[PDB]
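Trainee: Take a look at the following structure, please.
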Amino acid sequence: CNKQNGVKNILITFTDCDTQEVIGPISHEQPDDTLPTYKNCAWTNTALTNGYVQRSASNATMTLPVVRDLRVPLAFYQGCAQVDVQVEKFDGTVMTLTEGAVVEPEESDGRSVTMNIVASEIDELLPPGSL
Amino acid sequence: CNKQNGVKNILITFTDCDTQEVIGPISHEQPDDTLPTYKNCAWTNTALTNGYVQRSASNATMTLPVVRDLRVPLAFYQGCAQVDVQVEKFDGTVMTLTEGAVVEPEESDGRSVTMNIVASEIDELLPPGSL
Amino acid sequence: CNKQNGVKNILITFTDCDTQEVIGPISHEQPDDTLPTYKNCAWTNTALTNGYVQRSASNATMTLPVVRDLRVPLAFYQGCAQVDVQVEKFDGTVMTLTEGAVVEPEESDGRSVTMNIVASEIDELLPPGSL
Amino acid sequence: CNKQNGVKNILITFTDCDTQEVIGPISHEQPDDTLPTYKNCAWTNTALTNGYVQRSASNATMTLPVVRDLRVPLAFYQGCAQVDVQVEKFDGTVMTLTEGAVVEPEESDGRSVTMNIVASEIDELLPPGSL
Amino acid sequence: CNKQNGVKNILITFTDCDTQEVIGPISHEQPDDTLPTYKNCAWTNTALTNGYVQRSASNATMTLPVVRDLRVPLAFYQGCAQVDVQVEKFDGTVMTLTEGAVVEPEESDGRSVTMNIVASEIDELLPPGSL
Amino acid sequence: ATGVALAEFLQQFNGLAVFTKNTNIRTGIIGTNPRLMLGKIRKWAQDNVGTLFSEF
Amino acid sequence: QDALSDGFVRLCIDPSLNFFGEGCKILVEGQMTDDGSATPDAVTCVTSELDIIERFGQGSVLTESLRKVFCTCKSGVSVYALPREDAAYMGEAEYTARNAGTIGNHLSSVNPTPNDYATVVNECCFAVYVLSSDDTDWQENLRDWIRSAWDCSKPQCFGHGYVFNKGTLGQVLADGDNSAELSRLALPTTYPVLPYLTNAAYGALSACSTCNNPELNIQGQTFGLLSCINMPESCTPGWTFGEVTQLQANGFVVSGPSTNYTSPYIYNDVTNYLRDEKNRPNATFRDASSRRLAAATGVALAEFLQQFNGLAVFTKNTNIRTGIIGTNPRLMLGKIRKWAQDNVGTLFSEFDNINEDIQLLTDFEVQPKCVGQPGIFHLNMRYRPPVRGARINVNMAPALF
Amino acid sequence: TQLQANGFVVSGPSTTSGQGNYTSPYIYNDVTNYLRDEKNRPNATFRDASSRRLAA
């Protein structure tokens, strides 16, 4: 069935900054119903008076709640590593993020971790048929 | 008939400010039962003392939660494009907006997006019989 | 409604000091909710001993924050030209200023300019019903 | 959309006075949402009594917050070099400054710097349609 | 990542001006999120009339907040000893200062001190790829 | 002399956009409305006190 | 020279050096002398004032008209000429006729009657047509063609023609019809300057100053002065005030002296349109500004409506299915209304009542059963041009203190 | 110009002027000798030498 909302694959690659060691890409699993959340536009607008907009530069963010791997240190999920996140939805859309940094890590119980990733830009694959 | 609160059509036209490419107008679909909200008066008052008000210029905002189309990039819904919205309600009322800009992009899961649209003014059609 | 505080029309006329070129009167718009502030008294007083006050000559000033017009050079808003400002409030008040001069130009970012205008005198219209 | 306030391109050219070596014009990126700030009129006025104004010669200044380039020494941004800065806005206006000098360099952390650039005059381009 | 702002190493060498005893170099750590702040250009500029600039000799200063070492007396951090401070950032920049002096000591609580070091010149390592 | 001078002053409005009782002025237009015209004429009369009129 | 040795910079210093620009289209029609080197009865594009004498001869009326037209406009127009061959204080302040006909009797017979606009200028839409002759037949032919340019039968090329009628009160007041397409300048019998110079200056100034912002009335000392034209000072009025009132009440563009040489000056920028169909003084098409406003509004609405060509239109049916790029008449009417609101202040007044001044109807509901055809739409709109300044009517009452 | 057209690297003097001292040479048109496609004439995909290094 084409009409189906969800995530099919989630690939994450860890690259430690100090030792330049690469781990992955490893498939991950959602912890609960909540889906990953995206923000693709790199420019943030701002409301001004009477229709004007102050365009200023910003980042492309991503929220990725996943189940941590038991073979990967927990610190890698909390900003002590560089992540290369790749996620594919059920309808064919693919979000590609490269050279991402975890910004605001919150304490996790050791199985479910919520990522806040900031990168220069995120690429959308847009399954066939565009514009 | 007549007494029916709801939206009937939602047409959105995307224009890229860089390449001047026009996409639309593509009909869209609501994600849930929350209706789009409006603010037609371009002036925002303020409560002064003893019946006085402070009229200052402001925008004619528009909150429009819609279902993403798979043929349009996600960035087009998050401030990386110019949107021209046109919503018709079940009772004949038509809201027309042009050259709006998405001011506050909120992270979306890739299917349902909410857009805070700011424009100079919004036209209301007022089904026949007015004043 | 004679209970609304704000501006309705702002007309500015620029006259070049060298070429005697007259531009205007061009309507303008406010950048934010800060209203123009006025001083119609040409004498500045000073506190002395036992209720006595010293009257010294001064100017009828006016602070006018406006959005620049893209058809008029920014230098015209910062003391390279004459200004004849005429502001109309919502309640009918009209302040007329001619042969003004911007004394203290401030660093402006190319959209909103705060003009400190100094002139010999300012004329007030006092909507009908006086004294 | 034409109603957009921001900066599109920033170009800076460094000319070391000791060796007469020219570097640039390199492109630069803003560190935050604070736009560059200008002052075009080359004359500074001073308030006198009863409408008179004392006109005296002064400079054309500009404040430019940007991110330093990792290929350029930091001393070039703090007054040891002659800058040739040219800034383009989203609305088409272009600010051109040549033979500038940094007057009061504040200490910087090595990523974001703020220049107080002084010059004899600054050129305005005024996108088509003037006076 | 190659996109990171922050310090990596801070070495300070103390030399006693009375007994000529040298201590260090000893690694130090930041007390807060404020980075060391630099001023490299040895000449200072003064704004003059119509674009002219007056060049006069000045100092290459630095502001350095560090956590004092419990093996070093506090007086060494407040201008009673020479400092040979050297800071390396995450992106590869290394700023070297030798034979420096602390100019204006401040009341420290016994853990964190803020140095204002003035020296003849500051050297920049400028990671590979220059001009 | 006063009639001639007033004829000199009033020519600013020849062919100028005039916004009547209808509504106010929009941004960018070089028009005017009778209230501001009255204000401008009043200021012109004020400036000529002592050379063409009494005080008032 | 060592900087020009390479092929990077190619310097081409020369005085003439025509600049880029398309500007505004003006057609000047006048007789040509045999000295010229141009094809008669053929519209051509003139690029500069230097070569007009070569192409159109020495002292020809078309050449002088071109000189005045280029004098009164530095940049903003592109001038087209229609050379014609002759049928088988002197002059201006700058200065047997060289052109046969009545064109030489206006110095201080047999005139060609082409009637070939339909072939010489077939589909090139011109803004202002300038005629350099006083022949009634030639002006009537130009008027007929310009009227034919406004036909509901075929796509239009909106334009306006400028002529002059030199003569006394009786003569000029008899060469006047209900032609809204012509603005008849009425020069006096003893007018010093050669009439076609002033006519060309008027037409060129009108097109040149308006057609960029086609609502500026050519009136007053700041908008209706012919600076290039000069004439000696005089104390004899061109017409009496009764005559001026008669002409201004009879749709003639009366000019006045700005009393050394004094540049001429205009009073009213009106067309020769007094009576509506059958009768009635329709003020709508009196001012020449209303003509340019009508043309510009029609053109702009035509360009804006082009976005609906090929779009699927869901009349009757139901709401637009998701994913479709169609539309329905109600949304189209809303978009039209918003476009009309957006142009207030540049093409219209605010409105009287927009809910009645604009209405969009499908062909089905305008035609009886089985007559209505799908796709076709009927749009009706009545607009009001912007209000501009006029008489002041000073009532001065002296009083003692 | 003829040499420029048919894919030849032309070099010139830095300062022609007149007599004096030595001058360094000065090259143009950093292009390759590629003028024809497999069959057709206008194959500019490898004209400039920069395109070669870019492709590599």
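To be explicit about the labels: the chains of the structure tokens are called A, B, and onward in the order shown, and within each one the residues are counted from 1, while ligands get numbers from 1 in the order they are shown.
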Kindly determine which residues of chain D lie within 8 Å of chain C, considering only C-alpha atoms, and give the answer as JSON, numbers by chain.
Mentor: {"D": [5, 35, 36, 37, 38, 39, 40, 41, 42, 43, 44, 45, 46, 47, 48, 49, 50, 51, 52, 53, 62, 124, 126, 127, 129, 130, 131]}
Trainee: Could you write out, as a VMD selection string, all the residues of chain H that DSSP marks as strand (DSSP E or B)?
Mentor: chain H and resid 11 to 13 25 to 27 31 48
Trainee: Create the file for the chosen residues now, containing C-alpha atoms and written as a PDB file, in the first residue's frame.
Mentor:
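Dumped to result-v1.pdb:
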ATOM      1  CA  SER H  11      52.250  34.585 -25.547  1.00  0.00           C
ATOM      2  CA  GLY H  12      53.263  38.232 -25.577  1.00  0.00           C
ATOM      3  CA  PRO H  13      55.467  40.837 -23.915  1.00  0.00           C
ATOM      4  CA  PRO H  25      56.886  37.061 -21.216  1.00  0.00           C
ATOM      5  CA  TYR H  26      53.113  36.931 -20.884  1.00  0.00           C
ATOM      6  CA  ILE H  27      50.745  34.150 -21.943  1.00  0.00           C
ATOM      7  CA  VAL H  31      43.547  26.379 -23.733  1.00  0.00           C
ATOM      8  CA  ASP H  48      40.169  25.200 -21.683  1.00  0.00           C
TER       9      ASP H  48
END
Trainee: Between A:1, A:122, A:64, A:30, which residue has the minimum interatomic distance to residue 94 in chain A, considering only C-alpha atoms?
Mentor: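 Checking each of A:1, A:122, A:64, A:30 against residue 94 in chain A, counting only C-alpha atoms, the winner is A:122.
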Trainee: Within 9 Å of residue 4 in chain B, counting only C-alpha atoms, which residues qualify if same-chain residues fewer than 3 places away don't, as a compact mmCIF listing (two decimals) with N, CA, C and O atoms, in the first residue's frame?
Mentor:
# COMPACT_ATOMS: atom_id res chain seq x y z
N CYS B 1 -26.26 21.95 5.00
CA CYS B 1 -26.20 23.12 4.14
C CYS B 1 -26.03 24.40 4.95
O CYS B 1 -26.50 24.48 6.09
N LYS B 89 -13.92 28.16 2.00
CA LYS B 89 -14.67 27.44 3.02
C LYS B 89 -15.97 26.89 2.46
O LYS B 89 -16.36 27.16 1.32
N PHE B 90 -16.65 26.09 3.29
CA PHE B 90 -17.88 25.42 2.86
C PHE B 90 -19.03 26.38 2.64
O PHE B 90 -19.97 26.05 1.91
N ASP B 91 -19.00 27.56 3.25
CA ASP B 91 -20.09 28.52 3.16
C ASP B 91 -19.87 29.58 2.09
O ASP B 91 -20.63 30.56 2.04
Trainee: Could you give me, as a list in words, the residues within 9 Å of residue 29 in chain F, counting only C-alpha atoms and dropping anything in the same chain fewer than 4 positions from it?
Mentor: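 Near residue 29 in chain F, the qualifying residues are residues 25, 26, 27 and 28 of chain C; 17 and 25 of chain F; 345 and 346 of chain G.
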Trainee: CA of residue 307 in chain G and CA of residue 326 in chain G are how many Å apart?
Mentor: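 Computed distance, CA of residue 307 in chain G to CA of residue 326 in chain G, equals 11.7 Å.
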Trainee: Give me, as a PyMOL selection string, all polymer residues having an atom no more than 12 Å from residue 23 in chain H, counting only C-alpha atoms and skipping those fewer than 3 positions away in the same chain.
Mentor: (chain G and resi 2) or (chain H and resi 12-20+26)
Trainee: Apply DSSP to the backbone of this structure and, from chain F, keep only the residues in helix (DSSP H, G or I); write these as an MDAnalysis selection string.
Mentor: chainID F and resid 2:13 34:47
Trainee: I'd like the contact shell of residue 30 in chain H - 10 Å cut-off, only C-alpha atoms, skipping same-chain residues fewer than 3 positions apart - returned as an MDAnalysis selection string.
Mentor: chainID H and resid 7:11 27 47:50
Trainee: For the residues in that selection, give me N, CA and C atoms as a short mmCIF file (atom, residue, chain, number, x, y, z; two decimals), in the first residue's frame.
Mentor:
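Saved file selection-v8.cif follows:
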data_model
loop_
_atom_site.label_atom_id
_atom_site.label_comp_id
_atom_site.auth_asym_id
_atom_site.auth_seq_id
_atom_site.Cartn_x
_atom_site.Cartn_y
_atom_site.Cartn_z
N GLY H 7 42.86 27.11 -31.40
CA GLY H 7 43.40 26.38 -30.26
C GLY H 7 44.90 26.44 -30.06
N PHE H 8 45.48 27.63 -30.13
CA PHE H 8 46.91 27.81 -29.93
C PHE H 8 47.16 28.78 -28.78
N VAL H 9 48.14 28.44 -27.94
CA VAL H 9 48.48 29.26 -26.78
C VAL H 9 49.39 30.40 -27.25
N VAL H 10 48.89 31.62 -27.18
CA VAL H 10 49.62 32.80 -27.64
C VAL H 10 50.26 33.48 -26.44
N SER H 11 51.53 33.87 -26.59
CA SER H 11 52.25 34.59 -25.55
C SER H 11 52.74 35.92 -26.09
N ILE H 27 51.49 35.14 -21.18
CA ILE H 27 50.75 34.15 -21.94
C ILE H 27 49.26 34.49 -21.93
N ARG H 47 38.04 22.51 -24.32
CA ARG H 47 38.81 23.62 -24.86
C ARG H 47 39.80 24.16 -23.84
N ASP H 48 39.30 24.64 -22.71
CA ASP H 48 40.17 25.20 -21.68
C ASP H 48 40.96 24.10 -20.98
N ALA H 49 42.22 24.40 -20.66
CA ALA H 49 43.04 23.44 -19.94
C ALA H 49 42.53 23.21 -18.52
N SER H 50 41.81 24.19 -17.96
CA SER H 50 41.26 24.03 -16.62
C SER H 50 40.22 22.92 -16.57
#
Trainee: Give as a list in words every residue of chain F that touches chain G within 9 Å, counting only C-alpha atoms.
Mentor: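 Every residue meeting the condition is included here: residues 3, 10, 11, 13, 14, 15, 16, 17, 18, 19, 20, 22, 23, 25, 26, 29, 31, 54 and 56 of chain F.
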Trainee: I need the chain G residues near chain H as a ChimeraX atom specification; criterion: at most 12 Å, counting only C-alpha atoms.
Mentor: /G:1-8
Trainee: Keeping only C-alpha atoms, write the selected residues to a file as a PDB file, in the first residue's frame.
Mentor:
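Written out: out.pdb:
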ATOM      1  CA  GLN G   1      48.812  50.679 -24.407  1.00  0.00           C
ATOM      2  CA  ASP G   2      50.428  47.736 -22.626  1.00  0.00           C
ATOM      3  CA  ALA G   3      47.065  47.159 -20.917  1.00  0.00           C
ATOM      4  CA  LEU G   4      45.230  46.943 -24.261  1.00  0.00           C
ATOM      5  CA  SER G   5      47.810  44.619 -25.842  1.00  0.00           C
ATOM      6  CA  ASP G   6      45.821  41.567 -24.768  1.00  0.00           C
ATOM      7  CA  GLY G   7      42.315  40.866 -26.005  1.00  0.00           C
ATOM      8  CA  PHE G   8      40.669  41.353 -22.606  1.00  0.00           C
TER       9      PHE G   8
END
